[PDB]
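Taking the form deposited in one PDB entry, here's one chain by itself in structure tokens.
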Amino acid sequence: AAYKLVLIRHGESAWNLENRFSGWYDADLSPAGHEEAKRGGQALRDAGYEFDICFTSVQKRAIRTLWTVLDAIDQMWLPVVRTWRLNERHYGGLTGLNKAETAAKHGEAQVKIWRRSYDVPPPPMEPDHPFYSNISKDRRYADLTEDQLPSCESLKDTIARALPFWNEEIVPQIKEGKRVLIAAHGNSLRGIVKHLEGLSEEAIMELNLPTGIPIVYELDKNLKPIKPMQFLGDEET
């Protein structure tokens, strides 16, 4: 096909091990998540993949995944572009809570609604939230407008602020012939995949992208996939 696009979802983070909602909280990779990134990079290296430009979020679990991949494929020299628009979904007031704390505070019914809903956000992260200054006052978001800095996000909100970056910054690079690598997060990558495949809300909500595994798209000149997404890695994985 005319173009080739590679996606990679970061692996396990330190807060995944505590089953805590991270969202915009800047949790690092766990040792196992770092090893996942190494295996994905090895897979790209074995398959001879070459890139011209890389995009990632401003969160270290995705950035470190990208670094590890670039090291594995000996392409540390590539230009890298970081954007808040590829950040993980913002989980609002759930940020920092674990599974038990979330169920205890909100109840089965409410949490079920948040799980399955496309456009119902979780509660807002208010100024007295333990992570409010950690996230909302981080200087990396200093340049965001008031309406851009979320206090919480539904999946629809996340996709809505990721796709502008796709359309305005990534698509031109692809049509320029650049081989793009995107290292990001489950829900921002969901945004890109929904756009690429024209998926419904129900379908995207059921899509669970594997972690640490290069996801390969073969795209025609209008960026329409010519075949299903392919996963890279030894036969078992």
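Residue indices: 1-based, along the sequence shown. In this text, the rigid core denotes the largest set of C-alpha atoms whose superposition between the two forms falls within 1.5 Å.
Item to check | 185-193 versus 201-209 - greater average Cα B-factor per the deposited record | outcome: Comparing 201-209 with 185-193, the higher average CA B-factor belongs to 201-209.
Checklist entry - For the stretches 82-90 and 123-131, which has the higher mean C-alpha B-factor as given in the deposited record? => result Higher mean C-alpha B-factor in the PDB entry: 123-131.
Next on the checklist: Per the entry's Cα B factor values, which of 180, 63, 47, 29 stands out as the maximum?
Outcome noted: Of the candidates given, the C-alpha B-factor peaks at 47.
Item to check | residue 9, C-alpha B-factor rank within chain (lowest, middle or highest third) | outcome: Its C-alpha B-factor belongs to the lowest third of this chain's values.
Checklist entry - How does residue 142 rank on Cα B-factor within its chain, lowest, middle or highest third? => result Answer is highest: the recorded C-alpha B-factor places it there.
Checklist entry - Which third, lowest, middle or highest, does the CA B-factor of residue 149 fall in along this chain? => result For residue 149, whose C-alpha B-factor we compare with every modelled residue in the chain, the answer is the highest third.
Item to check | Chain third (lowest, middle, highest) by recorded CA B-factor, residue given as residue 229 | outcome: Ranked within chain, residue 229 CA B lands in the highest tercile.
Checklist entry - Among the modelled residues of its chain, does the C-alpha B-factor of residue 77 lie in the lowest, middle or highest third? => result Residue 77: CA B-factor falls in the lowest third of its chain.
Keep in mind that the form deposited in another entry is not shown, yet the notes after this line are about it.
Checklist entry - Which one of 78, 81, 144, 104 is the only residue whose C-alpha moves by 2 Å or more between this form and the one not shown, after superposing on the core? => result Per the superposition, the moving residue is 104.
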